[PDB]
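Residue numbers (the deposited numbering), protein chains in the order written: chain G, 1 to 22; chain A, 212 to 403, 405 to 725, 746 to 784; chain B, 200 to 696; chain C, 280 to 418; chain F, 558 to 655, 659 to 696; chain D, 280 to 418. Report on the following structure.
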Ligand SMILES: [Mg+2]
Ligand SMILES: [Mg+2]
Ligand SMILES: [Mg+2]
């Protein structure tokens with residue numbers, strides 16, 4: 001007989017940066 | 212029955228011909244020399260009645276029928292699901308030239324791109340082979356019912372499996388009236405105009421009309437027992453024969469109903485009236501006819517030969533009632549309305565933000581006509597080009613998604629975007645251009661007569677002294693805004709409440725030893761309210777807005 | 200013997216449910232009328248609704264309502280917890296649910312109840328696994344198809360209805376969506392009467408004051424308060440009595456009398472479960488601890504206590520009250536101390552938030568956190584929210600030429616729309632304290648967001664004397680000392696100095 | 280243990296929770312300690328996986344629901360409560376959250392007495408100075 | 558500007574592949590400044606998208622021989638912000654500088673399928689409007 | 280080793296740790312070596328993946344709990360101690376943080392003598408000057 005399974009691998013995020021000018 | 216369904220006369224005729232001609236006289240198809248197809252798909256929004264029409268076709272057709280559904284095919288025993296589908300097809304052939312209907316194919320169509328299990332892939336391949344294995348002389352047609360067309364295995368779209376599809380869309384208002392009538396014959400009708409109810413009903417589709425009808429019926433039933441005081445003992449026949457759902461029930465049901473598509477994005481019922489928006493008379497009129505013509509006289513637009521404008525931007529300094537105009541429009545538009553705030557759509561997960569923009573515009577197109585109010589559009593429309601690396605191009609992606617979804621509004625489905633920003637200087641020059649967002653309404657500082665109108669509109673509910681003169685106030689307050697006047701009135705009200713509480717505690721002490749000593753506001757209250765009254769207008773900001781308006 | 204007696208009182212009748220009169224009655228009609236007077240629905244022509252969705256914050260008695268209806272109705276009842284259906288075996292969870300529905304139909308007309316549907320309706324579009332999507336498809340098929348429902352009604356309970364598949368939120372599957380929100384003051388009064396009629400209370404019991412002083416408790420919160428009070432009383436009396444593990448005399452069992460001191464102490468040591476995450480221990484500051492600012496103290500006290508104590512007068516004139524206020528002046532003048540005092544005496548809830556605390560390195564969580572905080576504030580209203588140093592979070596949008604990633608501009612836009620937008624604006628008061636009012640955006644200081652611009656000037660000699668008395672109110676001092684000289688000698692100093 | 284329940288099989292974790300609770304109620308009037316809840320309550324909103332929210336729903340049902348508890352008391356331990364679902368922090372599920380913070384000099388003295396009772400100390404040693412000079416020790 | 562990371566160059570690569578496959582063709586690049594924006598002024602970027610797009614455009618336009626006879630047409634409002642590395646000889650050297661009669665012809669072409677009033681002349685609108693454009 | 284226990288599959292890395300510790304405590308009094316914990320100690324607050332929190336919690340439970348250890352000792356190895364969860368740097372889990380820095384010139388001489396005992400060099404060359412020339416060369 002067969003069976004099922006759950007799976008959760010990863011995702012993708014985005015970061016935010018601060019800059020300094022001159 | 213076949214006539215039971217309605218609102219989609221063209222599609223019902225198409226499907227009826229498609230199902231009857233290869234089933235009533237297949238011999239003529241052989242004589243002409245065309246092999247009729249075996250697979251036929253219908254796709255549309257939820258509640259359109261696809262299952263209803265399929266059931267009616269199963270009923271009105273004398274030929275034998277069989278129903279299959281996606282989630283009941285797979286089974287614990289290995290390889291037994293494929294055998295189940297195979298034996299289903301063998302019985303479909305062996306019994307008679309029947310018609311087989313598979314419900315919710317999307318459960319058995321994971322696009323084979325995100326599909327990872329081996330049993331699911333096997334079942335998909337088995338069904339693909341069986342469909343391809345349906346010879347010309349099979350003389351049995353399969354009918355597929357998909358709720359969403361994008362999550363479909365492209366292999367199923369190939370010729371020989373599913374060539375004829377029908378996008379059963381939301382019915383016309385006249386079709387909506389026809390469906391309402393279909394619901395309205397069985398029930399006991401009061402003496403009195406479903407045409408008006410359909411002309412005012414805009415976003416509801418199919419089952420939503422049934423929901424409205426049921427809700428009105430329930431309200432009618434609710435008034436009856438409470439007045440009759442009917443108890444658990446028994447029902448009174450005099451009540452039973454005296455039953456007719458009136459117009460007021462339908463008013464109540466419409467006031468307590470919303471389209472199933474918008475059920476998630478319902479909005480708080482805040483009430484505003486056209487007399488609450490003091491001043492801005494020309495603005496109020498121009499907005500109302502601009503909203504009323506495309507929604508009531510589509511033929512007039514055709515006669516003119518120029519489609520109406522779609523976007524608009526309200527701009528001005530804060531406290532000029534722009535959000536108040538948005539509320540008033542949301543209250544009195546006779547159409548759907550979705551309020552959207554800028555930062556709400558953004559999401560950290562990469563792509564999700566644009567997905568949210570896409571789905572919100574999907575609902576906007578679904579519940580057409582609609583009025584999407586984007587408050588503080590600047591948060592989205594930040595001018596760029598030197599940002600370089602900061603947010604992560606995600607803001608640029610959002611702006612690109614909004615731009616591509618704002619120019620892609622065809623003549624159909626007539627969706628109006630209302631913008632509201634305080635500082636238009638930061639908006640992207642692209643969006644402000646015509647073709648995507650053309651109209652620009654400017655909300656100047658109120659005139660003195662407009663100021664008086666605003667003042668009178670804010671004290672509509674407040675009991676007032678008989679000998680109250682507001683002309684002096686207007687002559688004094690020259691550069692103020694509606695919010696400033698609201699602050700003045702609230703200060704006066706607070707002073708009055710303080711006096712009333714003082715008098716009430718004095719009277720309570722007297723009792724320990746009229747009800748309202750100040751039933752209305754007094755002139756002294758206004759005198760003290762204006763002692764602490766100031767204007768939030770920044771003269772420099774005024775100059776900047778004037779310069780921008782001149783540049784316009 | 201006791202089993203029969205226990206069963207009778209075990210069931211919680213409809214009278215047990217309180218504070219939700221309108222919604223409870225509506226659902227009672229929906230469940231009873233087709234099972235008490237079906238004939239009217241055959242005579243009128245139309246069928247009744249056969250689907251209901253309960254939604255609201257937790258501990259709102261929705262599960263209590265399910266138990267109450269199950270106890271009241273004599274019809275068959277089927278109970279299904281949400282995650283309970285699935286199993287390791289392939290294709291058996293849907294088989295199990297189908298078997299459940301078939302059994303429900305086979306036996307009698309029945310009411311199915313599916314608890315925590317949010318785990319079972321993931322919208323079938325954002326998930327990546329197919330088992331959930333096929334379970335959703337199976338539920339949709341059972342709710343819609345040949346013989347979709349046959350004289351059986353389905354009740355569902357949820358906490359996040361917006362994370363549900365739109366097809367499940369449609370007429371024909373779930374016709375009515377009931378919103379059981381925070382109970383009103385009267386509702387809390389009935390809840391208190393329900394929870395206080397069982398145990399024995401002393402004659403000093405007066406529930407009206409307790410219902411008035413509670414501001415955000417819903418259901419179980421109130422029950423918890425009651426329990427805590429009782430336990431405190433038990434601790435007051437389990438101390439005077441010895442350990443006595445063998446048995447306790449009736450005289451201690453009798454004359455318990457949960458005093459008002461117990462109730463007040465338990466209310467002072469409790470808070471609504473909503474604010475349980477954000478609240479912190481607060482220092483104590485008397486009004487006499489705040490020297491000077493007499494007119495400002497009275498103005499703020501009346502402007503906060505009037506909507507909460509005198510709402511009838513507001514409806515008499517039918518005008519909304521002022522909400523915001525912004526103090527500004529030189530630092531250390533006593534602004535933050537005044538805010539602490541307001542937190543200590545005022546009855547309304549206090550939400551203390553630091554200025555740059557809420558900023559995030561990720562994308563969009565600043566505005567999401569602002570929305571979450573503001574939702575919490577408007578949920579458990581009346582509330583007092585203190586924004587310390589608005590110039591840290593509020594600036595003129597776009598002023599800084601150097602790119603910040605747009606975070607600050609988007610945050611300020613979120614603030615603007617929350618202080619003035621499509622808001623209910625019932626009972627939320629924004630208090631600001633900044634010593635540099637030039638850096639704040641001109642829109643925030645507008646009336647309708649921040650209508651009161653209060654300047655806190657330097658104290659005078661009499662105010663310095665008042666402050667000296669306030670801070671010398673505890674420490675012992677010289678009888679021969681007169682502070683008049685100190686006042687005559689201090690001119691430019693502040694309270695902190 | 281906290282992560283002891285999570286498994287590769289779909290739904291078996293909740294089955295394990297059901298078995299645990301049913302055995303606990305079937306055996307005797309028991310006390311159930313669930314350790315390190317910070318890994319089994321990710322607020323149901325910041326997380327993206329499906330199994331964890333399902334486990335959270337199972338736990339919420341176990342704590343409150345039809346005949347939720349009878350002669351069973353649940354105690355939990357965690358190092359960060361702010362990263363917990365509010366639905367678990369309500370009366371009926373988790374009535375009261377007790378805090379265990381930094382002891383003072385006297386508290387440090389009892390802890391020192393506890394920890395210095397079994398070894399052979401010198402006669403010239405005292406615990407008062409040690410309890411005073413020790414400031415930030417968590418015991 | 559493909560959302561997929563790095564694909565912002567593959568889009569231009571396969572656009573020029575579709576151009577060179579169906580030779581001859583005309584690639585009308587509208588609003589060149591938005592694409593080129595020059596280089597150097599803003600050293601940083603969101604993954605150097607700008608500089609990578611300009612380098613892809615230069616390396617997929619300078620590789621055009623006498624075969625495949627492609628032709629790039631540009632148009633802009635601001636000619637100041639175009640890259641001199643793309644205005645160089647050997648890549649794109651032509652400079653076409655772009659009235660009343662054109663305004664009258666535009667007004668007569670816009671009013672083709674329109675029931676106009678017979679007593680109406682558009683020469684007044686042509687003479688009154690001088691520095692206008694077809695969109696307005 | 281550090282990254283070899285991680286499993287993207289749900290609830291399997293924890294099982295791997297369970298089997299590892301069970302075998303470790305089954306055989307005999309044992310010494311365990313967990314290489315590169317910095318891949319399994321992101322402090323549970325910065326990273327967004329729930330799997331890291333779950334593995335950290337499982338490690339904490341294994342290193343601390345009811346009848347945690349019996350006659351075994353655990354040692355860790357890392358290059359970035361500052362990027363570690365403070366709950367892992369506690370007495371009873373990892374009490375002794377030993378440092379290993381660059382050896383002295385004498386250390387270089389000793390290492391060379393270790394390296395040049397099995398090979399064969401010439402007489403003329405000495406290792407003292409060679410050790411002195413090797414200033415920062417480590418291991
Ligand atoms: Mg259907
Ligand atoms: Mg419950
Ligand atoms: Mg301060």
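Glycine included, every Cβ here is placed at the ideal spot set by N, Cα and C.
Helix, strand or coil at residue 551 of chain B according to DSSP, with G and I counted as helix: Counting from 1 along the third chain, the entry for residue 551 of chain B is found at position 352. The answer is strand: DSSP assigns residue 551 of chain B an E or B state.
Distance cutoff 9 angstroms, beta carbons only. Does residue 363 of chain C sit that close to anything in chain B? As a working note, residue 363 of chain C is residue 84 in the fourth chain. Residue 363 of chain C counts as touching chain B.
Reference residue 606 of chain A, options A:367, A:565, A:336, closest by Cα: Position 394 of the second chain, counted from the first residue, corresponds to residue 606 of chain A. Comparing Cα positions, the closest option is A:565.
Got a sec: is the Cβ-Cβ distance from residue 22 of chain G to anything in chain C below 9 angstroms? Taking the first chain and counting its residues from 1, the one referred to as residue 22 of chain G is at position 22. Taking Cβ atoms only, chain C never reaches closer than 9 angstroms to residue 22 of chain G, which makes this a no.
Quick one, which residues of the segment 652-669 of chain A are near chain F if we go by CB-CB under 9 angstroms, in chain order? none
Secondary structure at residue 512 of chain B, three-state DSSP: helix, strand or coil? Taking the third chain and counting its residues from 1, the one referred to as residue 512 of chain B is at position 313. The answer is helix: DSSP assigns residue 512 of chain B an H, G or I state.
Apply the 10 Å Cβ neighbour rule to residue 310 of chain D and answer buried if 16 or more other Cβ atoms are within range, or exposed otherwise. By one-based count along the sixth chain, residue 310 of chain D stands at place 31. Residue 310 of chain D should be labelled exposed.
List, in order along the chain, the chain G residues whose C-beta lies closer than 7 angstroms to that of residue 327 of chain D? Within the sixth chain, numbered from 1, the residue matching residue 327 of chain D stands at position 48. Correct list: 13.
For residue 758 of chain A, which residues in the same chain have their Cβ closer than 6 angstroms to its Cβ, ignoring the five residues on either side in sequence? Within the second chain, residue 758 of chain A is the residue found at index 526, counting from 1. Closer than 6 angstroms at Cβ, skipping near neighbours: 704.
Cβ-heavy atom distance between residue 382 of chain B and ligand 2 below 8 angstroms? Translated into the one-based positions of the third chain, residue 382 of chain B becomes position 183. Not so, every heavy atom of ligand 2 lies at least 8 angstroms from the Cβ.
Can you find a CB in chain C that lies within less than 9 angstroms of the CB of residue 2 of chain G? Position 2 of the first chain holds residue 2 of chain G. Output row for residue 2 of chain G: interface = no.
Kindly indicate which three-state DSSP category residue 535 of chain A falls into: helix, strand or coil? Position 323 of the second chain holds residue 535 of chain A. Note: residue 535 of chain A maps to helix in three-state DSSP.
Within 10 angstroms of the Cβ of residue 540 of chain B, are there 16 or more other Cβ atoms? Answer buried if so, exposed if not. Locating residue 540 of chain B in the third chain gives position 341, counting from the first residue. Label assigned to residue 540 of chain B: buried.
Strictly under 9 angstroms for the Cβ-Cβ distance: is residue 582 of chain F near chain A by that measure? Against the fifth chain, residue 582 of chain F aligns to sequence position 25. Judged by the 9 angstroms Cβ criterion, residue 582 of chain F is not in contact with chain A.
Closest to residue 593 of chain F by CA distance: which of F:645, F:661, F:653 is it? One-based indexing of the fifth chain puts residue 593 of chain F at position 36. It is F:645 whose Cα lies nearest to the Cα of residue 593 of chain F.
Thinking C-beta only, is residue 345 of chain C closer than 9 angstroms to residue 579 of chain B? Here residue 579 of chain B refers to the residue found at position 380 when the third chain is read from its first residue. Here residue 345 of chain C refers to the residue found at position 66 when the fourth chain is read from its first residue. No.
Buried or exposed: residue 365 of chain B, going by 16 or more other Cβ atoms within 10 Å of its Cβ? The residue given as residue 365 of chain B occupies position 166 in the third chain. Buried is the call here.
Would the C-beta of residue 605 of chain F count as close to ligand 1, meaning under 8 angstroms from any of its heavy atoms? Taking the fifth chain and counting its residues from 1, one reaches residue 605 of chain F at position 48. False, no ligand heavy atom lies under 8 angstroms from that Cβ.
What does the shell around ligand 2 hold, if a residue joins when its beta-carbon is under 6 angstroms from any heavy atom? B:261, B:262, C:343
Cβ of residue 342 of chain D within 9 angstroms of any chain C Cβ: The sequence position of residue 342 of chain D within the sixth chain is 63, counting from 1. No, residue 342 of chain D does not count as interfacial toward chain C.
So which residues of chain A does residue 8 of chain G contact, with C-beta pairs closer than 8 angstroms? Here residue 8 of chain G is taken as the residue at index 8 of the first chain, counted from 1. Within 8 angstroms Cβ-Cβ: nothing; residue 8 of chain G doesn't reach chain A, min ~12 angstroms.
In its own chain, which residues sit with a C-beta less than 6 angstroms from the C-beta of residue 307 of chain A, not counting the 5 before and 5 after it? For the purposes of this step, residue 307 of chain A is taken as residue 96 along the second chain, with counting starting at 1. These residues qualify, in order along the chain: 275.
Are residue 410 of chain C and residue 375 of chain C close, meaning C-beta to C-beta below 9 angstroms? Locating residue 410 of chain C in the fourth chain gives position 131, where the first residue counts as 1. Locating residue 375 of chain C in the fourth chain gives position 96, where the first residue counts as 1. No.
Beta-carbon separation of residue 341 of chain B and residue 296 of chain B under 9 angstroms? Residue numbering aside, residue 341 of chain B sits at position 142 when the third chain is read from its first letter. Residue numbering aside, residue 296 of chain B sits at position 97 when the third chain is read from its first letter. Yes, these two residues count as a Cβ contact at 9 angstroms.
With a CB to CB cut of under 8 angstroms and the five nearest residues on each side skipped, what residues in its chain are close to residue 595 of chain A? Position 383 of the second chain, counting from 1, holds the residue named residue 595 of chain A. Closer than 8 angstroms at Cβ, skipping near neighbours: 638, 639, 640, 641.
Could you check which residue in D:372, D:356, D:402 has the C-alpha nearest to that of residue 378 of chain D? The count along the sixth chain starts at 1 and reaches residue 378 of chain D at position 99. Checked all of D:372, D:356, D:402; the closest Cα to residue 378 of chain D is D:356.
Rounded to whole angstroms, how far is the Cβ of residue 625 of chain A from the Cβ of residue 577 of chain A, which I believe are closer than 8 angstroms? Locating residue 625 of chain A in the second chain gives position 413, where the first residue counts as 1. Locating residue 577 of chain A in the second chain gives position 365, where the first residue counts as 1. Right, the Cβ-Cβ distance comes to about 5 angstroms (below 8 angstroms), so this counts as a contact.
Can you check the segment 317-399 of chain B for any alpha helix (DSSP H) of at least 4 residues that lies completely inside it and give the ranges in chain order? 330-342, 384-395
Out of curiosity, what's the CA-to-CA distance linking residue 316 of chain C and residue 419 of chain B? In the fourth chain, residue 316 of chain C corresponds to position 37, counting from 1. In the third chain, residue 419 of chain B corresponds to position 220, counting from 1. Looking at the two C-alpha atoms, the distance is approximately 22 angstroms.
Can you tell me where the beta strand (DSSP E) with residue 313 of chain B in it begins and where it stops? By one-based count along the third chain, residue 313 of chain B stands at place 114. Run containing residue 313 of chain B: 309-314, per the beta strand (DSSP E) assignment.
Would you mind stating whether residue 440 of chain B and residue 417 of chain B have Cβ atoms separated by less than 9 angstroms? The residue you call residue 440 of chain B lines up with position 241 of the third chain. The residue you call residue 417 of chain B lines up with position 218 of the third chain. It is not a contact, given that the beta carbons lie outside the stated cut-off.
Can you tell me whether residue 267 of chain A sits near ligand 1, meaning its C-beta is under 8 angstroms from at least one heavy atom of the ligand? For the purposes of this step, residue 267 of chain A is identified with residue 56 of the second chain, where counting begins at 1. No; taking the cut-off as 8 angstroms, the Cβ of residue 267 of chain A has no heavy atom of ligand 1 nearer than that.
Counting only the same chain and skipping the five closest in sequence on each side, list residues whose C-beta sits under 7 angstroms from that of residue 406 of chain C. Position 127 of the fourth chain, counted from the start, is the residue given in the question as residue 406 of chain C. Around residue 406 of chain C: 388, 391, 392, 395.
DSSP state of residue 615 of chain B mapped onto helix, strand, coil: Residue numbering aside, residue 615 of chain B sits at position 416 when the third chain is read from its first letter. Helix, per DSSP.
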